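In what follows, a structure is listed as structure tokens, so that the remarks can point back to it.
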Amino acid sequence: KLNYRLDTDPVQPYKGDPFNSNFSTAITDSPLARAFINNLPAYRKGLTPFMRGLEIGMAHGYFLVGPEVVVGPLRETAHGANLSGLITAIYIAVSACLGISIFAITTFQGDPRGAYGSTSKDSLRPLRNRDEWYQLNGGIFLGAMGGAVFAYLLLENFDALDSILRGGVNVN
Amino acid sequence: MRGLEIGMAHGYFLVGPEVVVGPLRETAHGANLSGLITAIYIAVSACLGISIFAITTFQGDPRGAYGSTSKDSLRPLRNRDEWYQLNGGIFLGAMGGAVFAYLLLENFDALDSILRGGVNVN
Amino acid sequence: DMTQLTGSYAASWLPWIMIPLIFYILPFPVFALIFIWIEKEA
Amino acid sequence: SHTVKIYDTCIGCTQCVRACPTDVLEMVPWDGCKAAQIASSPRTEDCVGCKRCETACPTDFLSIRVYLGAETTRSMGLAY
Amino acid sequence: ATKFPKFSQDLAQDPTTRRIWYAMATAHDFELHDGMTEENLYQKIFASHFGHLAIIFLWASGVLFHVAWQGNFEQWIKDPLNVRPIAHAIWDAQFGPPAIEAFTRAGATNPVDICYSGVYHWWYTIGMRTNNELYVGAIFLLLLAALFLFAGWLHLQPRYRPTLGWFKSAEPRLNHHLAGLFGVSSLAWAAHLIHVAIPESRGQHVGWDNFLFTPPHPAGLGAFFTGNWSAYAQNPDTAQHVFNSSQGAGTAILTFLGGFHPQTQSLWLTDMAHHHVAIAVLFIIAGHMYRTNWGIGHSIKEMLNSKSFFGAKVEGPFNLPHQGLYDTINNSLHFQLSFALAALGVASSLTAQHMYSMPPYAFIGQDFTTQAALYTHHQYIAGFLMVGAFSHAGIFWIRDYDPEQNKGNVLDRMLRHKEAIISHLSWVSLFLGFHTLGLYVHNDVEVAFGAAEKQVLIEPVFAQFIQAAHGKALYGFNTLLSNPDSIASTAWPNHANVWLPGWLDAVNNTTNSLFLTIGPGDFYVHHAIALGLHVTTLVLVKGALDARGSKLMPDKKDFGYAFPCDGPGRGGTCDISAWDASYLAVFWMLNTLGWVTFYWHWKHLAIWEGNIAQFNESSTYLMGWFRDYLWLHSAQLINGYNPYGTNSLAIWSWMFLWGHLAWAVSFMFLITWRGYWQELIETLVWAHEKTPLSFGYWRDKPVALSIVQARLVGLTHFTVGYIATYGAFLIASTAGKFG
Amino acid sequence: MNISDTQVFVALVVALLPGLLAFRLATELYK
Amino acid sequence: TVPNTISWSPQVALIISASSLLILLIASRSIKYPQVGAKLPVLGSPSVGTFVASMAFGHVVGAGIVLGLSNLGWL
Ligand code: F6C
Ligand code: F6C
Ligand code: CLA
Ligand code: CLA
Ligand code: CLA
Ligand SMILES: CC1=C(/C=C/C(C)=C/C=C/C(C)=C/C=C/C=C(C)/C=C/C=C(C)/C=C/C2=C(C)CCCC2(C)C)C(C)(C)CCC1
Ligand SMILES: CC1=C(/C=C/C(C)=C/C=C/C(C)=C/C=C/C=C(C)/C=C/C=C(C)/C=C/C2=C(C)CCCC2(C)C)C(C)(C)CCC1
Ligand SMILES: CC1=C(C/C=C(\C)CCC[C@H](C)CCC[C@H](C)CCCC(C)C)C(=O)c2ccccc2C1=O
Ligand SMILES: [Ca+2]
Ligand SMILES: [Ca+2]
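Residue numbers (the authors' numbering), protein chains in the order written: chain j, 12 to 183; chain L, 62 to 183; chain I, 3 to 44; chain C, 2 to 81; chain B, 2 to 740; chain M, 1 to 31; chain i, 13 to 52, 57 to 91.
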């Protein structure tokens, strides 16, 4: 008389284990969600740790420039606003890279505690070696600095780039 | 390091064509910006191509010259990790060389005074 | 003035951003996606 | 690989075997014709599909038929 | 092996680049997919059809949205005859200031394209007035496309996947598609015309906010139920009516005036409303013919298998064996596709032939470039649809036809006298080609030698007689509708020719395209068209009927529809498959449609110029076509840009060249064949393998394109160049000399 | 008087629904 | 403006009687539990509860129809 009806359940246990504190939902287990998340540079199969950090840094440093350019305290002038946005991205990225460095220093002592231990099976945290974290951090810093400068250069040359994208450079 | 040197050289020389014969050549600032942007676009496209080459080539035993039994001496990067490190070096070196050329061209008046000794007037 | 691309229609910046995106920004990533799709080992 | 089929109208003239540039065919004992032999295709993996065997076949219609199928490295005749 | 393609292990194991190409060429050939069953085939086709409908709706929504966003619909309403409709804005960041100025026109302050699809006139006729209405229509079409996409997804879920019997039930599908899809849709369109379009054309706004309490006719629905239908035909629009205004506007919703509205020079809105009402009634009636669930109704299988004509023993309908055909069509998707494509091609041809002569949209007959574009578009689409109909006829012959279940029926008889059919088609083609070309070049020689009076100039007397019988009194004939005393014109028993006055007024009007005057040049070009039609039919029919085999290849059916050849033996067998026949027939279809559109365009150009004599005197010899049509009208097209500047035709000037480029490229794929390129590719492979610093290496071995792939690619380039070149020429030569 | 910024943005948002449904239908057909 | 309402006439009686009758045919053959309670031809022999329900709903639907039509000049 007891019918759990698990065989027709739209939401299944995660990876077939009902006692892993997770569900098989559209966010966690749908084919598009898995394809998108697992192919982000953090999880993409085969990527070297430095290459992971390079792509993550490029993306994050590029957009971190924006907020202070538009609503920052130097927004009244174009030249000042761009500089403040670039410095804000540099300060945040350097602070984050310092945090990543001291995370690697403290986590990887003997057998690491928690999710980075030898016996841990956390699929969402695959960087299990100290060397991988330092290679990732080097990529993060260089990518973030490059992406921030790339946004800074485009914004600094916005007058030229606006004419570029409208064909105003074709007058002469 | 291989990628770094190759990127340095290629990004450095890729800026010039659009600077000299590009559509923004009428003004120095726009020409330099267009050359730098062209170098960046070409290098990023090449790096994306290298990434997808590494992704598709190294599955199981790679086909062709990158297989385990291949003896191609002209293609010595037989590992996926080597290709990804090469790509990172290529991107960073190409961006650095393009920016170096852009900075040299943007300050061409100052650098021309430098190389003629005109900075020694005062 | 007729020295630049302009738009009197609403949100004339939309072509300004979308033409580059569709025609020479996103197409290479799309080609990369398709190339990865068509080269995957069984 | 391509598919090579030999039908019962074969007269055992051995011309298809002689014309094959990759040795797909051979002559095997048979009793359906006066020559007491018939063509066989044990090595269709090596068949490139040139259809020289069909050109060599004198019967009407052909006693040997080549049906082009899945293309492999050796079926496309690739040296690389 | 690779995962891609998912539907073919044979391709997935291919180690060359061919694997990719064929994967795109066989993706939609569901029947050849690995492990495909009939039920899965039908369900996948159903979902694909849902997707295609969604794509069509998205395309219509995009057209509407771009007109509402960047067009000039409201400005064009106030002066349809002098304002250029705007397709969409131009954003090309590599334009120069001269190009920006040249393309900034039609009242816009930014570069724009000029719409030539006629959607402005169509939306104007059906009562749309504001950009907000177009925007609402675009949003609604977006939602409709979303609905159809969801339906396609849903009918693939396990509970909602239809069974094979549901797909095979022909009679209910015919009933619903006749009565509902054709009939009810026509009734709803007539309702839209009566409730919305006609009041809007009479200066009265009817929308969703007020259509519920705004009756379309003063008599109301009471006149319909009491049998007083004539009240709907009382007080029509006066001949002095001004469109989109109440001046001279009547109250009738269903007239049968005939002819054209005097100002818009297009069909009366009330006439089209009554047309769609009658069509809806007829199709709803036709949708009750077959039996589904209540006993009453015909059974198509019984009709085809019947052998008794009221007791007398007949072999079938018209004493012809039609037995076993119900299973033949019902089990062959290619047979049904062949009928559908042929019907759509005939419908597109009729659309082209009937919209230019009887314009249905206000002022569209005075937009010359739009008229030419629409006619050429629908004629070329009709030609492609006919080619597809015969291609899938051949595919049916190979894949779905078996002689056992069709033993002795009419299809088997056609297959048995295919030789006579093909030989007589060849004779007709030879006669037409020989005599038409001979007369053309005889006129060429006579005109070249200063003896234009010595031309053979055969009058098209039969078509002139038909035009006179339709009411054209120009030729002096006094037969049927051109004779007011004829029993046809009077309709003696009933005198119910309420259409005849307006129809005759439209026919004898010299400013429209209703039964254009025709002379010897029209005779010769119609015979050229007949030659082209017969040769294209010969190619397609010979391919379809020989698809199962011939003397050269008796066992062709065992090789499939599309294969390169059967080798150089037995003399050589290049282009022997039925696919190759369709490939060859695409060339002849393009040539025939080129002749048709050349004729239409030159005649209408002469009419619009005011120089009908040029066409009348020059179309009888081919040098006239070469000089006065192509060379004479190419000047403005080729001067779109020159060393002295650029104008708005520059795009066409570029595209005109672009087509000539693509066409030229096709020759390379059509003249040079595979082995040459395979050897060249082998040399390039060696070069790549022996070059240092070239770390790249192919994952798929580079090979030359296959023989069939080469024919397809060459045909695609040929067709694309053909279409682009002729479209650029048409648009530049019509728009460059007119609005 | 053509449509406004708000109408264009609303159309862009609305077009997301057919886009997601088209992706769903394509992935279902790929099965 | 106030929506138009018409004086009593045989047409409004026809609409209410028809709406009650159509509901009676449908309800006696479509609802989950008819023939419950005390019993009252072509009908499915509805109970007193089902019949009163159909007449009450016939007044509800009928009043909505006549008010809606009179509002719009007969729709
Ligand atoms: C991948 C990689 C690779 C490499 C490396 O690694 C290479 C290299 C080589 C060398 C060795 C030489 C010299 C160079 C030149 O000058 O030319 C070219 C140019 C170019 C530009 C090429 C290109 C290069 C690369 C590709 C780059 C890339 C980059 C990009 C940008 C990417 C992008 C990506 C995205 C996504 C799109 C060559 C060549 C040849 N090719 Mg060859 N490649 C290849 C690729 C390819 C493909 C795909 C194909 C098809 C199309 C071909 C083709 C060809 C032909 C036809 C020929 C000839 O003729 C030549 C010769 O032999 O001489 C003698 N090939 N090449
Ligand atoms: C098209 C083509 C074309 C074009 C166009 O037309 C061009 C242009 C152009 C122009 C812009 C310039 C100059 C400018 C004048 O005059 O003024 C300034 C100067 C200066 C500033 C100079 C100063 C001095 C310096 C700094 C020194 C140098 C350093 C080094 C690099 C180191 C070395 C290390 C080791 C030993 C190697 C240039 C240059 C060039 N290049 Mg060209 N390019 C082309 C090509 C090429 C190719 C292929 C190749 C090879 C690779 C090339 C290389 C090179 C090199 C190395 C170079 C240098 O140095 C420079 C520069 O960038 O710079 C900054 N292109 N360029
Ligand atoms: C099939 C319909 C269709 C087509 C052919 C076009 C065509 C065009 N649009 Mg467009 N558009 C459409 C619908 C369409 N539109 C709809 C419904 C919207 C509202 C969301 C827009 C909103 C829009 C904007 C905001 C802009 C354009 C622009 C343009 C031009 C450049 C292309 C571009 O940037 O796309 C941009 C496309 C979008 C922002 C969304 C398009 C959404 C449609 C429905 C996708 C259709 C997919 C298609 C049916 C599937 C193809 C299948 C494949 C096998 C062919 C070009 C003329 C640009 C322009 O005017 O340049 C001058 C521009 O800036 N469009
Ligand atoms: C509703 C109409 C309709 C439908 C449902 C089909 C359906 C089918 N046809 Mg068919 N056909 C049609 C119209 C139609 N056709 C017309 C009008 C023609 C005449 C031109 C043909 C000519 C034709 C031939 C000659 C063959 C088929 C074949 C097929 C089958 C496999 C399709 C295939 O090869 O994969 C999908 C194929 C492609 C996607 C081809 C690539 C596109 C081509 C090269 C056009 C070039 C694209 C152009 C530049 C731009 C177009 C727009 C762009 C968005 C693509 C399939 C059952 C084949 C078959 O059954 O094999 C035995 C076959 O050999 N058909
Ligand atoms: C200008 C180009 C051209 C011409 C004139 C022809 C002519 C012909 N084609 Mg053709 N074709 C062409 C291009 C052309 N094709 C192309 C590009 C393709 C795509 C590959 C095809 C594909 C094709 C197919 C698939 C078929 C044809 C067929 C035909 C014939 C049918 C018409 C006919 O009998 O008229 C009468 C004949 C002619 C008009 C030919 C010219 C006759 C000359 C002028 C007589 C002169 C005699 C004189 C003494 C010669 C001087 C001496 C000289 C020998 C030195 C005809 C021979 C069909 C056929 O053979 O059916 C019978 C057929 O099935 N063609
Ligand atoms: C999820 C999703 C999404 C989202 C997305 C995103 C979020 C994006 C972002 C993006 C981004 C945010 C991006 C970025 C990028 C970046 C880049 C691309 C960069 C580059 C850079 C460079 C190239 C640099 C360079 C350099 C160096 C390195 C050094 C020297 C200097 C220079 C500058 C040269 C959406 C909603 C849409 C849809 C749905 C889904
Ligand atoms: C073979 C030979 C030759 C040739 C040569 C060549 C070809 C050369 C070239 C050269 C080149 C072409 C070079 C280049 C170089 C480069 C460099 C040297 C660069 C540098 C860079 C840098 C240093 C950068 C930096 C950076 C970064 C990294 C980041 C941040 C920013 C910056 C900018 C700072 C000849 C004929 C003469 C003779 C015979 C032999
Ligand atoms: C040029 C040519 C080649 C060589 C051409 C080859 C090998 C194809 C080269 C294509 C390159 C690599 C890419 C070109 C891509 C197109 C411009 C666009 C393709 C678009 C789809 C991928 C969507 C043949 O192999 C061949 C074979 C048989 C008869 C005639 C010919 C022939 O004429
Ligand atoms: Ca310039
Ligand atoms: Ca100094």
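For each residue, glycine too, the CB sits at the ideal point set by N, CA and C.
Length of the line joining the Cα atoms of residue i and residue j
i, j, result
"residue 265 of chain B", "residue 594 of chain B", "30 Å"
"residue 379 of chain B", "residue 11 of chain C", "55 Å"
"residue 242 of chain B", "residue 3 of chain I", "42 Å"
"residue 468 of chain B", "residue 61 of chain B", "38 Å"
"residue 528 of chain B", "residue 600 of chain B", "12 Å"
"residue 76 of chain i", "residue 61 of chain i", "23 Å"
"residue 390 of chain B", "residue 420 of chain B", "21 Å"
"residue 19 of chain B", "residue 704 of chain B", "7 Å"
"residue 544 of chain B", "residue 719 of chain B", "21 Å"
"residue 48 of chain C", "residue 25 of chain C", "6 Å"
"residue 307 of chain B", "residue 324 of chain B", "7 Å"
Residue i in three-state terms, based on DSSP
i, result
"residue 383 of chain B", "helix"
"residue 323 of chain B", "coil"
"residue 10 of chain j", "The requested residue 10 of chain j does not occur in the structure, where chain j is confined to residues 12 to 183."
"residue 34 of chain j", "strand"
"residue 48 of chain i", "coil"
"residue 7 of chain M", "helix"
"residue 642 of chain B", "strand"
For residue j and residue i, believed in contact at Cβ under 8 Å, the rounded distance
i, j, result
"residue 7 of chain I", "residue 177 of chain j", "4 Å"
"residue 155 of chain L", "residue 104 of chain L", "4 Å"
"residue 87 of chain B", "residue 127 of chain B", "Residue 87 of chain B to residue 127 of chain B, Cβ: 19 Å. No contact."
Where residue i falls, given that 16 or more other Cβ within 10 Å makes a residue buried
i, result
"residue 117 of chain B", "buried"
"residue 189 of chain B", "exposed"
"residue 102 of chain j", "exposed"
"residue 41 of chain I", "buried"
"residue 108 of chain B", "exposed"
"residue 80 of chain j", "buried"
"residue 25 of chain I", "exposed"
"residue 225 of chain B", "exposed"
(Q) I'd like the ranges of any beta strand (DSSP E) spanning at least 3 consecutive residues and lying wholly in the segment 219 to 283 of chain B. (A) none
Q) Hey, which unbroken runs of the alpha helix (DSSP H) at 4 residues or more fall wholly within the segment 84 to 111 of chain B? A) 98 to 104
**Q.** Contained alpha helix (DSSP H) runs [length at least 4] in the segment 104 to 183 of chain B, N- to C-terminal order
**A.** 120 to 126, 132 to 155, 165 to 169, 171 to 176
Q | alpha helix (DSSP H) segments (min. 4 residues) lying fully within the segment 4 to 63 of chain B | A | 10 to 13, 19 to 26
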